[PDB]
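Visitor: I would like to see how this sequence folds:
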Amino acid sequence: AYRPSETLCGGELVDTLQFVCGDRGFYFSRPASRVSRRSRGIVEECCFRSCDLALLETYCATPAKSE
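Guide: Residues are numbered from 1 along each chain as shown. Take a look:
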């Protein structure tokens, strides 16, 4: 189900990852990536850019302290 495309900001966009990351939790602060420099991080993108969704999908954290 979910929604179409939207934009949500700091705290509010936590809900995006909250729905796509899921049972593991997301990290927000992605480390480096494969572009030899840094990469995007939360809020500047759903708050300042757009919520590309796939983003939030990848913001999730499987190797997280399970509960």
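Visitor: CA only for contacts and neighbour counts going forward, please
Guide: OK.
Visitor: Could you pull out the helices in the protein for me?
Guide: 14-20, 54-59 (DSSP state H).
Visitor: Count the neighbours of residue 16 for me.
Guide: Residues lying near residue 16 (other CA atoms under 10 Å) number 23.
Visitor: Verify the contact between it and residue 56 for me.
Guide: Yes. With contact defined as CA atoms under 8 Å, residue 16 counts as touching residue 56 (6.5 Å).
Visitor: And the most centrally placed residue in the chain, how far from residue 24?
Guide: Nearest residue to the geometric centre of the chain (CA atoms, centre = their mean): residue 56, 3.0 Å. Note on residue 56: its distance to residue 24, by CA to CA, to the nearest Å, is 13 Å.
Visitor: Then residue 38?
Guide: Distance of residue 38 to residue 24, computed by CA to CA: 24 Å.
Visitor: higher neighbour count, those two?
Guide: residue 24 (15 against 11).
Visitor: Sweet, I'm off.
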